[PDB]
Each structure stands twice: as structure tokens, then as C-alpha cells.
Amino acid sequence: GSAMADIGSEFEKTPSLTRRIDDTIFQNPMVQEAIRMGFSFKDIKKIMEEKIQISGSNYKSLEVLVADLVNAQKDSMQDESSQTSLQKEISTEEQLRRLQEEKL
């Protein structure tokens, strides 16, 4: 029995962060309504891709979606040891170095 909320106090940092969006955001408009209530984009794409992968299809209604969201972020477990840190996007942020005249 704990006395203080050690499982989540600020929730500022995340278990993953990637520069690519998910194609499930565009195909299923219930996603944008979930973020509009105050949820994170990463959480909605994650619960969608996992639900479709395991069950075979998207959520029925926002009622089921938001219930499973609060449940998953409160109390869930996952295993992501062997992750592929790879992408097809260009590093256009590196190209700004051509403008910076002040460099060693």
C-alpha cells in the first residue's frame, strides 16, 4: 500500500517519440475527437494500431475508445526491447546549418 502517486505525477516524458505520424489518424475520424478532449496523439495512434492488430478492426464509438484510453494509460504493461529506430524522412533540420555563419 503506497501513500503517494508514484505511477504518474507529471506524465511529461513518454515511452516512445517518433517524427512519423500514423495512417490510422486519417482513415478513422474518431481519433481527432479523442485528442480534442485533451489526450495525446501518440496515445490514440498507439491504442488504435494495437486494437486493430489484436482484435482485427477499429473502435465502435468514442465511449469504448475513451474508456480503453484511460484504462491503458493508468494500468497496462508492454515489451519493446528490440525496436527499429529507422525512417524514410529527410533531415531538413540539418540543412539550416547553411544559414548559420557562426560555426567553428
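Please report the base-10 log of the normalised intensity I(q)/I(0) for the chain, using a Debye sum with one equal scatterer per alpha carbon and no solvent, at each q in 0.16, 0.20, 0.22 (1/Å). Once normalised to I(0) and log-transformed, intensities are -0.88, -1.17, -1.33.
Mind checking Rg over Rh on the stretch 1-49, alpha carbons, Kirkwood formula for Rh? The Rg/Rh ratio comes out at 1.09. Packing order of peptides 35-45, 18-28, highest average first: 35-45, 18-28 (average count of other Cβ atoms within 10 Å over each peptide's residues).
Note on the chain: GNM, Cα springs under 10 Å; of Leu65, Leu17, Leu86, the largest mean-square fluctuation is that of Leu86.
Extension gain, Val64 to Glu94, is 6.6 nm, computed as 0.36 nm per intervening residue step minus the present C-alpha separation.
Radius of gyration over Kirkwood radius for the stretch 35-76, both on Cα atoms: the Rg/Rh ratio is 0.93. Taking packing as the residue-averaged number of other Cβ atoms within 10 angstrom, the listed peptides 69-78, 46-55, 93-102 run from highest to lowest as 46-55, 69-78, 93-102. Helical content of the chain, expressed as a calculated mean residue ellipticity at 222 nm, amounts to -11500 deg cm²/dmol (DSSP H runs of 4 or more residues, -39,500 (n - 2.57) each, divided by residue number, nearest 500).
All of the numbers you see were taken from the coordinates with simple rules; none came from a lab. So basically every Cβ, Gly included, is an ideal-geometry build from the backbone, and we count neighbours across all protein chains shown.
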